[PDB]
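Notes follow the structure.
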There are 4 protein chains.
Amino acid sequence: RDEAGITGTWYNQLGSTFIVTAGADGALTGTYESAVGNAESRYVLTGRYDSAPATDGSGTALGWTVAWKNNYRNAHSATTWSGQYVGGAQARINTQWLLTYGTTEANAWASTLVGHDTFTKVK
Amino acid sequence: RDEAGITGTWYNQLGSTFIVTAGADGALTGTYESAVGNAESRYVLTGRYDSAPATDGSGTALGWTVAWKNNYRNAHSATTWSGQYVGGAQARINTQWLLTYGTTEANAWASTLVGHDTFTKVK
Amino acid sequence: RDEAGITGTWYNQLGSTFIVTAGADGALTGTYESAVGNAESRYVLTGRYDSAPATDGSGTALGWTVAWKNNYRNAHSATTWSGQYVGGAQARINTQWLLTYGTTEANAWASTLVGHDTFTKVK
Amino acid sequence: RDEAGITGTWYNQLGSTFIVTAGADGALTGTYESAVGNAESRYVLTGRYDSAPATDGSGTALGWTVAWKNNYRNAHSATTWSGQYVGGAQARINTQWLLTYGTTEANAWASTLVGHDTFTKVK
Ligand SMILES: O=C(CCCC[C@@H]1SC[C@@H]2NC(=O)N[C@@H]21)NCCN(Cc1ccccn1)Cc1ccccn1
Ligand SMILES: O=C(CCCC[C@@H]1SC[C@@H]2NC(=O)N[C@@H]21)NCCN(Cc1ccccn1)Cc1ccccn1
Ligand SMILES: O=C(CCCC[C@@H]1SC[C@@H]2NC(=O)N[C@@H]21)NCCN(Cc1ccccn1)Cc1ccccn1
Ligand SMILES: O=C(CCCC[C@@H]1SC[C@@H]2NC(=O)N[C@@H]21)NCCN(Cc1ccccn1)Cc1ccccn1
Ligand SMILES: [Cu+2]
Ligand SMILES: [Cu+2]
Ligand SMILES: [Cu+2]
Ligand SMILES: [Cu+2]
């Protein structure tokens, strides 16, 4: 599959670092370090990927989650990235993400940010 | 924390079933069964939640991922849910989600659907 | 078409008020009053809708924009709602929205909130 | 304001062409031509922008809508772009978008795609 292509260290356009291991069963496990926001050091991440993707040139669907609490900081929030891995000489993981932070019910309408990250193997 | 409140079986407005266990360390593990789409039976899910949320009445941020492959079907896609758990007599998990499916590079602009699910303990 | 069904006053789950006129050519024009956020009184809105929708029971696609500046307040932001109108005894406009606020380049990753509003003719 | 900076022709990363006029009152009017999808030729667009943005280096919030019907084609859908204009030697409009297409109630969960476009004055 793409187990070998996905496993490793990835970097996004903000300078964040995404370290992941893809399991034969579709599991994703690793750590995430964000260059921006209320974050410092590494955070636990877990997710899933399609371990038997199509063979027609389509990308490989995947997703993962980080809750922004570690031994140093708690930002009472979590981000999920949803996207596809695209292999080749210039491999990429193209994603869109949702960041939800805890709010009161009255402020819940404003609880979720949306964005997009592109991860590459270099930089 | 909310370990006890989150762990259990949840149902969304489509009739889907979300079975999860919240760990003391912030882990989420379980299965998901969707009432709609290219899905049948249960799928593995993993995620994270804030295990030390604020005590001011704010919700508890969390997220999880399902890759839509199991022993019966493969839809070459994955969904991530991002949201917050709100406890009380009428406990809820209010979420927004991103569903990415594998595509060629030319069709990648159309690869991601967005929606929102509300999960309750009843129905 | 749905010109007659769309034109009028609509209310969402937050208590906001959406007053719109649908033109024969696909134009939407009106005002929006939000019950939440950095808003007060009415704001100008403009948008578009499908003036020749399918006749198979499908909804009618539409969208509109509000920039949050009026004679009283400026929140340096704009929201776009994208969705479909569903006619009948219990007519609805089901939407998802994106709220972008002006930021510096360093904070741009956090510039956009996402949510969902359901509008009805009553309440 | 940014009336002069916004008005003109813009191009995104797909090769689409966005022609807009910014009014002194905050109005946006023009045409959109998409290089991808069920689209051909030009489509009417309308939107709004912040006509008195902050003067601290922040971007200028804006949004617009296209319903995908013209004299040649109807795709029973509409897209809204939400974002901010960033002036300078390399001016940009950075956006995220929501594309909703008409569906039956049973398929409504799958009615909305999400993406992101960056518009520049060249290419
Ligand atoms: O900033 C974070 C955690 C780090 C997010 C980095 C994102 S993930 C997507 C993108 N990709 C990256 O690599 N990095 C960024 N959470 C915001 C939580 N706060 C809301 C918020 C929203 C916007 C700006 C600041 N805060 C609430 C709060 C609770 C307590 C204290 C302080 N704040
Ligand atoms: O339908 C699925 C998996 C189930 C999703 C259920 C969602 S998750 C969010 C929401 N909440 C729920 O409880 N249920 C729904 N994936 C679509 C993958 N296909 C694209 C697609 C998009 C829209 C409609 C149908 N297909 C691509 C494809 C690859 C091979 C074969 C067939 N199709
Ligand atoms: O609140 C607004 C305008 C009203 C939005 C109501 C939304 S639209 C979608 C939903 N549906 C509704 O009917 N109502 C809500 N804009 C936020 C702009 N600010 C960021 C921001 C983000 C979150 C919370 C507060 N502020 C930036 C800023 C610039 C200057 C001063 C103050 N603030
Ligand atoms: O493709 C369109 C209109 C053009 C969209 C271009 C987007 S806008 C955002 C991005 N930025 C750009 O510059 N271009 C792209 N609408 C899809 C409507 N159809 C669903 C759909 C979804 C995915 C792929 C194809 N179709 C439904 C349908 C109704 C009748 C017939 C055929 N199809
Ligand atoms: Cu914060
Ligand atoms: Cu499918
Ligand atoms: Cu504000
Ligand atoms: Cu189509």
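Below, all heavy atoms of this structure are taken into account, side chains as well, without hydrogens, waters or symmetry copies. The sequence lines fix the lettering, A, B, ..., with proteins before strands; numbering per chain opens at 1.
Listed options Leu62(C), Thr79(C), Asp56(C), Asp50(C) were ranked by heavy-atom pairs under 4.5 angstrom with chain D; first place goes to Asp50(C). Note: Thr104(D) leads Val66(D), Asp25(D), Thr104(D) in heavy-atom pairs under 4.5 Å with chain C. Most heavy-atom pairs under 4.5 Å with chain D, from the set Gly57(C), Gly102(C), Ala27(C), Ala75(C): that is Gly102(C).
The part of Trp81(C) that comes within reach of chain D is its backbone (N, CA, C, O), which places non-hydrogen atoms under 4.5 angstrom from that chain. Heavy-atom distances place both the backbone and the side chain of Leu98(C) under 4.5 Å from chain D. Contact of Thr95(D) with chain C is not made at all, since no heavy-atom distance falls under 4.5 Å. There is no contact between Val114(C) and chain D, counting heavy-atom distances below 4.5 Å. For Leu28(D), no part sits under 4.5 Å from any heavy atom of chain C, backbone or side chain. Contact of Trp68(D) with chain C is not made at all, since no heavy-atom distance falls under 4.5 Å. Both the backbone and the side chain of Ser51(C) come within contact range of chain D, judged by heavy atoms closer than 4.5 Å.
The minimum heavy-atom distance between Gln84(C) and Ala108(D), with the atom names listed, is NE2-CB, 4.2 Å. Closest non-hydrogen pair, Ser77(C) versus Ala61(D), comes out as CA-CB, 3.4 Å. Summarising the geometry of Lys69(D) relative to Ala52(C), their closest heavy-atom pair is CE-CB, 3.8 Å, with the distance given to 0.1 Å.
Of the candidates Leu45(C), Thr80(C), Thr65(C), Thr65(C) is the only one forming a side-chain contact (heavy atoms from CB on, under 4.5 Å) with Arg48(D).
For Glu33(C), the CD atom is densely surrounded, since the number of other residues' heavy atoms within 6.0 Å is greater than 12. Counted within 6.0 Å of CZ on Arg42(D), heavy atoms from surrounding residues, nucleotides or ligands total 12 or fewer; the atom is thus considered open.
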- Task: Test side chain to side chain contact (heavy atoms under 4.5 Å, CB included) on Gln96(D) and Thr100(C) and set out the steps.
- Result: CA-CA 9 Å; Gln96(D) 301 193 77; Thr100(C) 303; 5.8 Å; no
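Proximity of a side-chain donor or acceptor of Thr46(D) to a complementary backbone N or O of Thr46(C) within less than 3.5 Å is not detected.
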